[PDB]
Amino acid sequence: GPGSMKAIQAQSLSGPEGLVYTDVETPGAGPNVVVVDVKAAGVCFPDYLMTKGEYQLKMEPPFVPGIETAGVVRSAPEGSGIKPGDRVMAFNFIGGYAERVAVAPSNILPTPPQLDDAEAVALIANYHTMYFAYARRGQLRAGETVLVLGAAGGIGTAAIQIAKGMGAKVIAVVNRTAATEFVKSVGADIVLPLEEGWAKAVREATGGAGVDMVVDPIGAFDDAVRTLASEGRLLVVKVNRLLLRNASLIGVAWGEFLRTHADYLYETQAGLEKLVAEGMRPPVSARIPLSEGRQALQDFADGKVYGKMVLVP
């Protein structure tokens, strides 16, 4: 028989309340799978949505949530170039909140040696998404100014550190004013609260010229457009007015892009490895035992997480 491992398993679509720490089948080696011993499992917004049956893909219980993992390879096929003992990052649609995960060889990336496993898992959804958003979709340039909305969340934090890494100036808006110092510490040049008149304050902070780019992981929207310079661009990571002027709304759908451009992943990993070499360290605000995954996910849903939270098996 296959043997069992601990995992958090959604046993209903009731959200975090339906999550149970329980025993499940241990994945098993196979000629086209890489099994990873999980040292850190990322908590992301899709995971949470999946627990409520509100994610674009509806998984039916029972299922182990978790898209993002980092740990140590246990097994891998010949010729994959992956070996037992390798420190790797992994992604899949499910299975992350577990002691081990089985994933396709194409879904494995080498962990940057400067990072621990929590910092490495933190790169997976949020940093690759934002590298892609900046490098491919929005064509960010050194010296431009970027407005980051929802700035203390997972995507926002990656959006700050990567923009700073690429030589941009960053204005961050926070809807949670208790995150102001956190956001400043991540490297935002100017932090502003999301209150009446914030769009006008963003403009004034740029000497009236507006920002070159807006990152919007929230959807507060027509106000965002108002902050844009001529030929500025807003990345949605929507009702559009006559205030669009010579601005662009830039759709960002990383998962979908990756489906048809799998080799771009080598470029996003290389870009991130360089940013990490140069000193970027993804902030990890909480590392919660896997056994306490229900409470971890509830805290995430209640809006308590700055940067990235991980579960530790």
Side-chain angles (χ1 to χ4, degrees), residues 112 114 122-123 126-174 179-194 197-199 201-218 220-221 223-237 244 246-248 250-252 254 257 264 266-283 307:
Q114 297 97 337
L123 285 181
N126 301 341
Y127 289 70
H128 281 264
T129 300
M130 288 310 309
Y131 195 93
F132 168 71
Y134 285 149
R136 180 80 167 214
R137 294 297 295 124
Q139 297 179 79
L140 181 56
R141 292 293 175 266
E144 292 188 303
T145 297
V146 180
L147 173 67
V148 179
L149 297 172
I155 291 281
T157 300
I160 296 170
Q161 292 195 303
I162 297 171
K164 290 305 294 164
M166 291 176 167
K169 182 173 174 167
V170 175
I171 296 164
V173 178
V174 294
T180 297
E181 300 303 329
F182 172 79
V183 163
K184 196 66 187 168
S185 78
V186 174
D189 299 286
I190 284 113
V191 183
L192 289 166
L194 182 79
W198 70 269
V202 169
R203 276 223 162 253
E204 229 134 56
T206 63
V211 300
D212 300 299
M213 183 178 296
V214 167
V215 174
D216 182 13
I218 292 315
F221 183 82
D223 283 313
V225 177
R226 266 164 72 244
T227 70
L228 283 167
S230 168
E231 303 180 276
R233 50 263 199 245
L234 185 146
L235 314 200
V236 173
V237 182
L244 203 69
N246 295 289
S248 295
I250 298 171
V252 179
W254 172 225
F257 184 81
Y264 188 69
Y266 307 146
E267 195 183 314
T268 59
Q269 183 70 5
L272 291 170
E273 289 170 342
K274 167 180 144 81
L275 297 169
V276 170
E278 293 173 356
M280 189 178 71
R281 296 293 179 273

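These values consider heavy atoms only, across backbone and side chains, with no hydrogens, waters or symmetry-generated copies. We count residues from 1, following the sequence as given.
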Visitor: Would you sort out whether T227 and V214 count as a side chain to side chain contact (heavy atoms under 4.5 Å, CB included), showing the intermediate values?
Guide: CA-CA 8 Å; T227 70; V214 167; 3.6 Å; yes
Visitor: Can you see which heavy atom on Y131 is nearest to which on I162, and at what distance?
Guide: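 Nearest heavy atoms, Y131 then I162: N-CD1, 3.8 Å.
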Visitor: List the atom of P112, the atom of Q269, and the distance in Å for their closest heavy-atom pair.
Guide: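 The pair with the smallest heavy-atom distance is CD-NE2, 4.2 Å.
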Visitor: Would you check if the side chain of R203 reaches a backbone N or O of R226 as a donor-acceptor pair within less than 3.5 Å?
Guide: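 Checking the backbone N and O of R226 against the side chain of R203, a donor-acceptor pair under 3.5 Å is found.
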Visitor: Salt bridge (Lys or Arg N to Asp or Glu O under 4.0 Å) between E278 and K164: does it pass, once the steps are laid out?
Guide: CA-CA 11 Å; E278 293 173 356; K164 290 305 294 164; over 6 Å; no
Visitor: Determine the minimum heavy-atom distance between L235 and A133, stating which atoms define it.
Guide: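 The pair with the smallest heavy-atom distance is CD1-O, 3.3 Å.
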Visitor: Measure the acute angle between the ring planes of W254 and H128, then classify it against the limits of 30° and 60° as parallel, tilted or perpendicular.
Guide: parallel
Visitor: If you define the side chain from C-beta out and look only at heavy atoms, does anything of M130 sit under 4.5 Å from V237?
Guide: yes
Visitor: Quick check: are there more than 12 heavy atoms from other residues, nucleotides or ligands sitting under 6.0 Å from CD of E181?
Guide: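 Result for CD/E181: open.
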Visitor: Side-chain contact test, heavy atoms from C-beta onward, threshold under 4.5 Å: evaluate it for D212 versus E231 and give yes or no.
Guide: no
Visitor: Looking at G307 and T157, what are the two nearest heavy atoms and their distance?
Guide: CA-OG1, 3.5 Å
Visitor: Donor-acceptor pair, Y264 side chain versus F132 backbone, under 3.5 Å?
Guide: no
Visitor: Would you say the side-chain atoms of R141 pair up with the backbone N or O of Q139, donor to acceptor, closer than 3.5 Å?
Guide: yes
Visitor: Picking from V146, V202, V148, what satisfies side-chain contact (heavy atoms from CB on, under 4.5 Å) with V211?
Guide: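 Only one of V146, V202, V148 forms a side-chain contact (heavy atoms from CB on, under 4.5 Å) with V211, namely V202.
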Visitor: Report yes if some heavy atom in the side chain of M213 is under 4.5 Å from a heavy atom in the side chain of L147; otherwise report no.
Guide: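 Not in contact.
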Visitor: Please evaluate residues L123 and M280 with respect to the criterion side chain to side chain contact (heavy atoms under 4.5 Å, CB included), reporting the C-alpha separation (whole Å), side-chain torsions for both, the decisive distance (0.1 Å), and the verdict.
Guide: CA-CA 11 Å; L123 285 181; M280 189 178 71; 4.2 Å; yes
Visitor: Which heavy atom in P217 sits nearest to a heavy atom in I155, and how many Å separate them?
Guide: CB-CG2, 3.9 Å
Visitor: Does any non-hydrogen side-chain atom of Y127 lie less than 4.5 Å from one of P282?
Guide: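 Of all side-chain heavy-atom pairs linking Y127 with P282, at least one is under 4.5 Å.
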Visitor: Are any side-chain N or O atoms of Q161 and backbone N or O atoms of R281, one a donor and one an acceptor, separated by less than 3.5 Å?
Guide: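 At least one qualifying donor-acceptor pair exists.
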Visitor: Where do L228 and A247 come nearest, in terms of heavy atoms and distance?
Guide: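 Shortest heavy-atom separation between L228 and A247 comes out as CD1-CB, 3.7 Å.
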Visitor: What's the separation between atom OG1 in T268 and atom CD in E273, rounded to the nearest 0.5 Å?
Guide: 9.5 Å
Visitor: Measure the spacing between CG of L149 and CG of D223 and express it to the nearest 0.5 Å.
Guide: 10.0 Å
Visitor: Does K169 offer a backbone N or O that forms a donor-acceptor pair with the side chain of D189 under 3.5 Å?
Guide: no
Visitor: Side-chain contact test, heavy atoms from C-beta onward, threshold under 4.5 Å: evaluate it for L234 versus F221 and give yes or no.
Guide: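 Yes; the side chains approach each other to less than 4.5 Å.
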Visitor: Would you give the length of the straight line joining atom OG1 of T206 to atom CD1 of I171, rounded to the nearest 0.5 angstrom?
Guide: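 It comes to 6.0 Å.
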